[PDB]
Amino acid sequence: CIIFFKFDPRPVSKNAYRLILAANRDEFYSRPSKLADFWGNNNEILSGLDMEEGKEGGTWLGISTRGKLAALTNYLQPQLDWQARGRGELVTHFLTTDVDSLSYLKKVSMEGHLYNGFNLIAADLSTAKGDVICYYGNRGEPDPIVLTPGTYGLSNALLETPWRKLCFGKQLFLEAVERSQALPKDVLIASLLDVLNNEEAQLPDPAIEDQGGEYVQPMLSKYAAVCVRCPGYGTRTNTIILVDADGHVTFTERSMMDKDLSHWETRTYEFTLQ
């Protein structure tokens, strides 16, 4: 997975964005998934959904019209614990409850040992009260942190770990944002989709080799790109989320269909934060 986001809770100008987020979901192509649409008790949550039997309703990335947003990446490991709790519930539980992001991540931190490795971003979006974004991962430090305004990247190590693909992707992301600055949002979205589909591998990467051990050796030549193309495994979903200064949200999700590299469906939804 890879996620880039620029957050600016106090935009200094009227056309500035409070949030620009661009994310790839990398997963085995066999894992059933539902394309993004609104769900929940008052149709207030927008996300794709995991449909693996026994884990239905989990997700990796979502936003609610009440101003909650969360995102998860897996931590790369040489081996997994199959009796562990599924990580898909971590985003879902934040989006469906009424807990602030830092309080929620503190609760998660007390339970992090029950999951395989993960990284979690949780955000409270409020036009009136100011946006807050927090971070916790169960393979790093035990206390969640409140992030300062800036542009962040997160892949399958920790927040801002300098994997070459993360640094390269962050530079492309910054360039695309700067380039589509004054322009209509369709141009920004198109530029970010192009970043997320960059297949240029960034090698050698001894950090990936060290963390992934034997598991990653046969994947390394393709895993070290922003857009991952391995046998039966890789970038299946590109998601862009924009929140402008006034709280208007644009959510764009491009999904691989029929397990086919030439078949894609992209959905864009708009709403205003309540």
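Residue positions are given as counts along the sequence shown, with the first one as 1.
Mean CA temperature factor is higher for 176-184 when stretches 114-122 and 176-184 are set side by side in the entry. When the C-alpha B-factors of 56-64 and 235-243 are averaged, 56-64 comes out higher.
Ranking 161, 77, 202, 198 by Cα temperature factor from the entry places 77 first. Ranked by Cα temperature factor within the chain, residue 219 sits in the lowest third according to the deposited record.
In the PDB entry, residue 34 places in the middle third of its chain by CA B-factor. In the deposited entry, the Cα temperature factor of residue 139 places it in the lowest third of its chain's modelled residues. Split the chain's modelled residues into thirds by C-alpha temperature factor. Residue 152 is in the lowest one. Ranked by C-alpha B-factor against the other modelled residues of its chain, residue 21 falls in the lowest third.
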